[PDB]
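First, one chain by itself: the form deposited without 2-oxoglutaric acid, in structure tokens.
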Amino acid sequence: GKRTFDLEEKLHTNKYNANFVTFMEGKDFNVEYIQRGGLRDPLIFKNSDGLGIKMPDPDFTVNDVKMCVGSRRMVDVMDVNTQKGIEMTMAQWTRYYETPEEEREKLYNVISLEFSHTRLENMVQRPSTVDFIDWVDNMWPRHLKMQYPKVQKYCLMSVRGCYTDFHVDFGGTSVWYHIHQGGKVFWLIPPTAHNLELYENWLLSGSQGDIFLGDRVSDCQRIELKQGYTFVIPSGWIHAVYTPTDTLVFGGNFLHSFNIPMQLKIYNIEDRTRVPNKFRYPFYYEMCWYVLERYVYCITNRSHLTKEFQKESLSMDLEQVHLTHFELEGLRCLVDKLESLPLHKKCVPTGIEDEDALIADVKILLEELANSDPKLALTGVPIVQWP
């Protein structure tokens, strides 16, 4: 939007004083933290230290991006004055970023450039903790990485003045954010049963653009991200973003096993809200089956993939257990969800032999481990390791 309500007011009134964001040191961001909290709090690290992140040399610019992914390359740009207008490439767009503000004709924003394809990849690496819990590196069969939700690394490039209205990222994913150059202002809203309600009825009634959802909730936090900060958003959070100055950001969306109920909670919103099967998370329910099969294999040492995939996994490798309540309830959710899908679209992936045997093997594993000691679960390392 930015239509009816004064965004300018929303930016300076000092009233979105909620205290949701937790400030901490990257060293403190280990897997145990996740098992202890379930990545339920948005995090803001000021020093990239301790996070195991790697980013280009600070002077890196927009074209240094468009050189790498090269010009003539089509990019999904959109005029933040309505929607969609992806009629341009890196060539045509770096020629816009450097266009002095006043001359600047339209208002553009590029929030969806996922470069993992391009060389830039081994030039930009996310915090190692995220490499431990990510459902792609650790869940999806390795030899397949389209056929692997290529939605890990992203390059955000915004121009002073753009505003992305309130939304919850796709597939109930979490997201890490590193402002390389510039700054961003966020409006954080918690995925309270109540807020998620208001949020859906808002997506239905039209997202009016006349209502600033931030004012609709009892408490909301407007935070400011500076150059150097790393920002972690947990699944489900409803946020809105505004760019005070031309910025360059590097981040990515991931799924993990400690907040499954919320992730699914969001898919169903995306379902009821008839979201276009375009912006849907790639192979969602298919990733789910691999999740179960990894859990049942890492714990029961009973493989449920096919012989073929089993060989592939073994070849590549050669080149009791106490769960948190988070995973236990989460597994319970994947099981009920998958079981409630009409037979035709249960989206059983390709590497899985018998599905029902799996589900049965999980209902059994979910009852045997029903009593896990929260203390003992805190192993410091995810049980699903070695994709």
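A residue's number is simply how far along the shown sequence it sits, counting from 1.
Absent from the display: the form deposited with 2-oxoglutaric acid bound. The rest refers to it.
Remark: open binding site. Placing 2-oxoglutaric acid in the bound PDB entry onto this structure by local C-alpha superposition gives no atom within 2.4 Å of a backbone or C-beta atom. Put simply, of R294, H239, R222, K153 only one has a heavy atom within 4.5 Å of 2-oxoglutaric acid in the bound PDB entry, and it is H239.
Proximity to 2-oxoglutaric acid in the bound PDB entry, defined as a heavy atom within 4.5 Å, singles out one entry of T164, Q147, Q181, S116, which is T164. Shown alone here, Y177 lies within 4.5 Å of 2-oxoglutaric acid in the bound PDB entry, counting heavy atoms only. Heavy atoms of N109 reach within 4.5 Å of 2-oxoglutaric acid in the bound PDB entry, making it an interface residue. Although the partner is absent here, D131 lies well away from 2-oxoglutaric acid in the bound PDB entry, with no heavy atom inside 4.5 Å.
Within this chain, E286 is remote from the site of 2-oxoglutaric acid in the bound PDB entry, having no heavy atom within 4.5 Å. Screening 156 to 164, 206 to 214, 269 to 277, 122 to 130 for residues having heavy atoms within 4.5 Å of 2-oxoglutaric acid in the bound PDB entry returns a single hit, 156 to 164.
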